[PDB]
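In case you want the letters, here they are:
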Amino acid sequence: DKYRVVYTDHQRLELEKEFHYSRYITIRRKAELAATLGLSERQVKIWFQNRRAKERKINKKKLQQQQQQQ
DNA sequence: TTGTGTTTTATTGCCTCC
DNA sequence: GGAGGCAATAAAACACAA
C-alpha cells in the first residue's frame with residue numbers, strides 16, 4: 001500500500017547534520033549512515049538529492065530578497 | 001470540515017562523465 | 001563498464017483559515 005514512509009525525527013536529524021558536514025555524500029559514508037539509521041542506500045541517495053533541491057530553492061529566494069533593498 | 005498551501009518521500013527520464 | 005547529478009512531477013502529510 002504505502003506511497004511514502006515518514007522519517008523519524010532522529011533519522012532526519014542525523015541526515016541534516018551530515019548534510020551540513022557535506023552537501024554530497026560519499027559512497028562509503030552513505031553506506032555507514034544507511035546501516036546506522038535503518039534506511040536504504042537508495043533512500044539516503046534520494047534524500048540527499050531532495051535536500052540539494054530544497055537548498056537551491058531557498059538560495060534563489062535568499063537572492064530574490066537581497067535584490068529587493070537599496 | 002473543507003479548502004488551500006507548503007513540505008516531505010519517491011519516482012521518472014534525461015545528461016554527463018573516459 | 002553504470003554511477004551519480006538534476007528537473008519536473010505525483011501524492012501523502014501536515015498546517016491552518018475560513
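Residues numbered from 1 in each chain as written, not as in the entry; some residues may be left out. Chains lettered and ligands numbered in written order. Heavy atoms only, no water.

- As summarised from the PDB record, the model derives from X-ray crystallography at a stated resolution of 2.9500 Å.

- Where the PDB entry is consulted, chain A appears under the name Homeobox protein CDX-2, with the organism given as Homo sapiens.
- This structure appears in the PDB under the title "Structure of CDX2-DNA(CAA)".

### Some remarks on the protein's contact with DNA strand B
Item 1. The environment of DNA strand B is made up of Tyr-3, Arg-4, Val-5, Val-6, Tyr-7, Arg-12, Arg-42, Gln-43, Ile-46, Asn-50 and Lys-57.
Item 2. Of all atoms in DNA strand B that approach within 4 Å of the protein, 76% are sugar or phosphate atoms.
Item 3. At 3.0 Å, a backbone N or O of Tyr-7 approaches a phosphate oxygen of DNA strand B.
Item 4. Among the elements that make up the surface near DNA strand B, the one with the highest residue count is helix α3 (residues 41-67) (five residues).
Item 5. Tallied by class, residues from the surface near DNA strand B come to five nonpolar, two polar and four charged. (Near = heavy atom within 4 Å. Polar contact = N/O pair within 3.5 Å; in protein donor to acceptor, adjacent residues only side chain to side chain. Helix = DSSP H or I, 4+ residues; strand = E, 2+ residues; numbered from the N terminus. Nonpolar A, V, L, I, M, F, W, Y, C, P; charged D, E, K, R; others polar.)

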